[PDB]
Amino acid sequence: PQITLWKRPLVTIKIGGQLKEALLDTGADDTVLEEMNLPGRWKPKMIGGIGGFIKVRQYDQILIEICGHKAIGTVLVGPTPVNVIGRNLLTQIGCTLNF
């Protein structure tokens, strides 16, 4: 589809058998999702933006479905104010910027 940017580009995603809302975020290198009790191992990481850094848990090879488009890659989990789909997964669903 085509998403205009009058409002935040929020979409429904499916991850670990859960449905959530997340932003399609071209400014996010990597996907970051709200605290959720995901199974399996992980590696600590710190990610920075406006305001500074937050600590997150990096899970690898996680399966995510974004508007029926399946993807698999890195998902960071932590106390983020918002769920964002980053470029690591946006590339996998064919998402482009167009003007």
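Heads up: residue numbers just count along the shown sequence, starting at 1.
Judged by mean Cα B factor in the deposited record, 74-82 ranks above the other of 20-28 and 74-82. Per the PDB entry, 66 shows the highest C-alpha temperature factor of the residues 50, 33, 47, 66. Residue 89: CA B factor in the middle third of modelled residues in this chain (values from the PDB entry).
Annotation for residue 15: CA B-factor lies in the highest third of the chain's modelled residues.
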